[PDB]
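Novice: Pasting a structure here, questions to come.
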Amino acid sequence: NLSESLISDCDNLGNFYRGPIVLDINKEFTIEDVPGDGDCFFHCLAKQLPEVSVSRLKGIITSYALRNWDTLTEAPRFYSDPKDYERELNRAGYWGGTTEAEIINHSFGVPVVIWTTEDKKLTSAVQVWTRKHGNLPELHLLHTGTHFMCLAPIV
């Protein structure tokens with residue numbers, strides 16, 4: 001259940017893949033609650049990036065958006081320009097999600113896999129950014145209700 005194994009069951013939607021995939025969360029994954037002031041996205045990914053704190057992650061994302069707006073898709077769809085995005089992203093209560101997942105994928109190069117669940121027991125869908133460069137281990141998340149948890153395939 002790493003990124004490349006999932007995409008044949010997804011649609012290729014350009015900058016990411018997405019597909020309905022229904023897996024038993026308790027049977028297939030380990031999941032972890034991580035606190036946060038927003039929706040837990042940044043703490044979850046800071047945990048999975050061992051040399052990167054929450055504040056450093058936001059700084060990397062901010063810089064990447066300022067310098068790579070022409071090659072991003074999600075942030076430019078929802079924000080007028082990188083300055084507008086920087087102002088919102090850097091509020092303490094900002095809710096992270098797919099917009100930052102793309103920036104993390106492009107900046108660190110790492111695959112990002114976000115599973116969604118509607119009933120908290122089975123997944124309903126997965127969204128996948130495939131590797132862009134480097135050899136960092138994949139970042140996986142579960143999006144449940146209005147928050148994110150860390151996720152890893154059971155070994």
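Identifiers in the structure tokens: chain A, B, ... in order shown; residue index from 1 per chain; ligand index from 1 in order shown.
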Counting only C-alpha atoms, what are the residues of segment 1-96 of chain A within 12 Å of segment 112-125 of chain A, and for each of them which pair of atoms is the nearest and at what distance in Å, to one decimal? Sort the table by chain and rising number, as a tab-separated table.
Specialist:
```
residue	atom	partner	partner_atom	distance
A:1	CA	A:113	CA	9.4
A:2	CA	A:113	CA	7.8
A:3	CA	A:113	CA	6.4
A:4	CA	A:113	CA	10.1
A:5	CA	A:113	CA	11.2
A:6	CA	A:113	CA	9.3
A:7	CA	A:113	CA	10.5
A:9	CA	A:125	CA	10.4
A:10	CA	A:125	CA	9.2
A:11	CA	A:125	CA	11.3
A:15	CA	A:112	CA	11.9
A:16	CA	A:112	CA	9.5
A:17	CA	A:113	CA	9.5
A:18	CA	A:125	CA	7.2
A:19	CA	A:125	CA	5.6
A:20	CA	A:125	CA	4.1
A:21	CA	A:125	CA	4.9
A:22	CA	A:123	CA	4.9
A:23	CA	A:123	CA	5.3
A:24	CA	A:122	CA	4.7
A:25	CA	A:122	CA	5.5
A:26	CA	A:121	CA	7.3
A:27	CA	A:122	CA	9.6
A:28	CA	A:122	CA	9.9
A:29	CA	A:123	CA	10.5
A:31	CA	A:115	CA	11.3
A:41	CA	A:114	CA	10.7
A:44	CA	A:114	CA	11.7
A:45	CA	A:112	CA	9.9
A:48	CA	A:112	CA	11.1
```
Novice: Select from chain A everything DSSP, run on the backbone, classes as helix (DSSP H, G or I), then give the selection as an mmCIF file with C-alpha atoms, in the first residue's frame.
Specialist:
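Result went into states-v2.cif, see below:
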```cif
data_model
loop_
_atom_site.group_PDB
_atom_site.id
_atom_site.type_symbol
_atom_site.label_atom_id
_atom_site.label_comp_id
_atom_site.auth_asym_id
_atom_site.auth_seq_id
_atom_site.Cartn_x
_atom_site.Cartn_y
_atom_site.Cartn_z
ATOM 1 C CA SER A 3 2.166 5.053 -3.608
ATOM 2 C CA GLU A 4 3.161 3.224 -6.792
ATOM 3 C CA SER A 5 1.104 0.149 -5.868
ATOM 4 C CA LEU A 6 -2.063 2.239 -5.441
ATOM 5 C CA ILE A 7 -2.167 4.223 -8.670
ATOM 6 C CA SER A 8 -3.406 1.469 -10.991
ATOM 7 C CA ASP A 9 -6.668 1.582 -9.023
ATOM 8 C CA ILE A 25 -8.298 0.496 8.621
ATOM 9 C CA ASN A 26 -7.606 -1.673 11.668
ATOM 10 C CA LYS A 27 -6.579 -4.631 9.489
ATOM 11 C CA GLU A 28 -4.294 -2.695 7.142
ATOM 12 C CA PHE A 41 -1.907 18.137 9.297
ATOM 13 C CA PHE A 42 1.324 19.971 10.116
ATOM 14 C CA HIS A 43 2.042 18.075 13.334
ATOM 15 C CA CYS A 44 1.433 14.777 11.547
ATOM 16 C CA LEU A 45 3.879 15.590 8.784
ATOM 17 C CA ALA A 46 6.401 17.209 11.132
ATOM 18 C CA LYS A 47 6.390 13.895 12.997
ATOM 19 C CA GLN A 48 7.143 11.972 9.792
ATOM 20 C CA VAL A 54 6.106 22.435 12.417
ATOM 21 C CA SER A 55 7.503 25.948 12.065
ATOM 22 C CA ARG A 56 10.274 24.837 9.717
ATOM 23 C CA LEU A 57 7.715 22.953 7.605
ATOM 24 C CA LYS A 58 5.578 26.077 7.215
ATOM 25 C CA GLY A 59 8.674 28.083 6.297
ATOM 26 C CA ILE A 60 9.720 25.575 3.625
ATOM 27 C CA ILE A 61 6.178 25.532 2.201
ATOM 28 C CA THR A 62 6.024 29.359 2.197
ATOM 29 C CA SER A 63 9.349 29.690 0.374
ATOM 30 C CA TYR A 64 8.507 26.959 -2.114
ATOM 31 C CA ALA A 65 5.201 28.639 -3.009
ATOM 32 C CA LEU A 66 6.905 32.017 -3.480
ATOM 33 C CA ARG A 67 9.490 30.502 -5.833
ATOM 34 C CA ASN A 68 7.486 27.825 -7.666
ATOM 35 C CA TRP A 69 3.979 29.239 -8.089
ATOM 36 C CA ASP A 70 4.128 28.550 -11.848
ATOM 37 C CA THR A 71 4.588 24.784 -11.300
ATOM 38 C CA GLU A 74 -3.544 23.479 -5.773
ATOM 39 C CA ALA A 75 -2.382 26.679 -4.090
ATOM 40 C CA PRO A 76 -2.770 28.784 -7.282
ATOM 41 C CA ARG A 77 -6.359 27.544 -7.609
ATOM 42 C CA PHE A 78 -7.374 28.840 -4.174
ATOM 43 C CA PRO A 82 2.039 33.504 -3.082
ATOM 44 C CA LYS A 83 1.763 36.507 -0.733
ATOM 45 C CA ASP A 84 -1.958 35.899 -0.164
ATOM 46 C CA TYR A 85 -1.154 32.228 0.438
ATOM 47 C CA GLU A 86 1.717 33.010 2.835
ATOM 48 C CA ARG A 87 -0.539 35.221 4.961
ATOM 49 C CA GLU A 88 -3.185 32.517 5.371
ATOM 50 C CA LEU A 89 -0.816 29.548 5.722
ATOM 51 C CA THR A 98 -4.084 18.677 -0.071
ATOM 52 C CA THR A 99 -2.763 22.145 -1.002
ATOM 53 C CA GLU A 100 0.287 21.650 1.224
ATOM 54 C CA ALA A 101 0.550 17.963 0.369
ATOM 55 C CA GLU A 102 1.359 19.006 -3.193
ATOM 56 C CA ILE A 103 3.953 21.557 -2.059
ATOM 57 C CA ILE A 104 5.578 18.980 0.231
ATOM 58 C CA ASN A 105 5.644 16.460 -2.640
ATOM 59 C CA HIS A 106 7.297 18.947 -4.996
ATOM 60 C CA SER A 107 9.718 20.424 -2.429
ATOM 61 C CA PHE A 108 10.910 17.326 -0.553
#
```
Novice: So, with only C-alpha atoms as the atoms that count, which of A:91, A:97, A:30, A:79 lies closest to residue 147 of chain A?
Specialist: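 Going through A:91, A:97, A:30, A:79 one by one, the smallest distance to residue 147 of chain A is for A:97.
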Novice: Compare A:35, A:93, A:111, A:50 by their minimum atom-to-atom distance to residue 148 of chain A, counting only C-alpha atoms, and give me the closest one.
Specialist: A:35
Novice: Report the distance between atom CA of residue 143 of chain A and atom CA of residue 81 of chain A in Å, rounded to one decimal place.
Specialist: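 The value is 26.8 Å.
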Novice: Could you pull out all residues of chain A with a DSSP call of strand (DSSP E or B) and give them as a PDB file with C-alpha atoms, in the first residue's frame?
Specialist:
```
ATOM      1  CA  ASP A  11      -7.717   7.934 -11.904  1.00  0.00           C
ATOM      2  CA  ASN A  12      -4.779  10.056 -13.034  1.00  0.00           C
ATOM      3  CA  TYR A  17      -4.053  10.349  -8.530  1.00  0.00           C
ATOM      4  CA  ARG A  18      -7.307   9.595  -6.735  1.00  0.00           C
ATOM      5  CA  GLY A  19      -9.454   6.515  -6.498  1.00  0.00           C
ATOM      6  CA  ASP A  24     -10.324  -2.121   6.731  1.00  0.00           C
ATOM      7  CA  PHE A  29      -2.810   0.279   8.990  1.00  0.00           C
ATOM      8  CA  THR A  30      -1.437   1.647  12.196  1.00  0.00           C
ATOM      9  CA  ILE A  31      -2.737   5.122  12.980  1.00  0.00           C
ATOM     10  CA  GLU A  32      -1.691   7.807  15.486  1.00  0.00           C
ATOM     11  CA  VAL A 112       2.329  11.739  -0.167  1.00  0.00           C
ATOM     12  CA  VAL A 113      -0.601   9.351   0.309  1.00  0.00           C
ATOM     13  CA  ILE A 114      -3.813  10.600   1.949  1.00  0.00           C
ATOM     14  CA  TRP A 115      -6.521   8.052   2.777  1.00  0.00           C
ATOM     15  CA  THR A 116     -10.030   9.286   3.506  1.00  0.00           C
ATOM     16  CA  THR A 117     -12.591   7.606   5.758  1.00  0.00           C
ATOM     17  CA  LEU A 122     -13.136   1.620   6.366  1.00  0.00           C
ATOM     18  CA  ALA A 125     -10.768   6.848  -1.109  1.00  0.00           C
ATOM     19  CA  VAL A 126      -7.077   7.548  -1.482  1.00  0.00           C
ATOM     20  CA  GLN A 127      -5.229  10.499  -3.032  1.00  0.00           C
ATOM     21  CA  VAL A 128      -1.630   9.981  -4.152  1.00  0.00           C
ATOM     22  CA  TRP A 129       1.228  12.289  -5.131  1.00  0.00           C
ATOM     23  CA  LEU A 139       4.414  10.328   3.980  1.00  0.00           C
ATOM     24  CA  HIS A 140       1.019   8.767   4.729  1.00  0.00           C
ATOM     25  CA  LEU A 141      -2.023  10.290   6.408  1.00  0.00           C
ATOM     26  CA  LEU A 142      -5.591   9.392   7.295  1.00  0.00           C
ATOM     27  CA  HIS A 143      -8.171  12.147   6.862  1.00  0.00           C
ATOM     28  CA  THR A 144     -10.990  11.358   9.293  1.00  0.00           C
ATOM     29  CA  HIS A 147      -8.670  16.139  11.114  1.00  0.00           C
ATOM     30  CA  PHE A 148      -5.625  14.187  10.039  1.00  0.00           C
ATOM     31  CA  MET A 149      -3.859  11.293  11.707  1.00  0.00           C
ATOM     32  CA  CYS A 150      -0.531   9.683  10.914  1.00  0.00           C
ATOM     33  CA  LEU A 151      -0.875   6.369   9.103  1.00  0.00           C
ATOM     34  CA  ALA A 152       1.454   3.557   8.101  1.00  0.00           C
ATOM     35  CA  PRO A 153       0.781   0.233   6.372  1.00  0.00           C
TER      36      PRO A 153
END
```
Novice: Please determine, counting only C-alpha atoms, which residue among A:34, A:40, A:72, A:52 has the shortest atom-to-atom distance to residue 95 of chain A.
Specialist: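 Result for the nearest residue to residue 95 of chain A: A:40.
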Novice: What's the separation between atom CA of residue 134 of chain A and atom CA of residue 14 of chain A, in Å to one decimal place?
Specialist: 20.8 Å
Novice: Could you jot down the atom CA of residue 94 of chain A to atom CA of residue 130 of chain A separation for me, Å, one decimal place?
Specialist: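 Computed distance, atom CA of residue 94 of chain A to atom CA of residue 130 of chain A, equals 25.2 Å.
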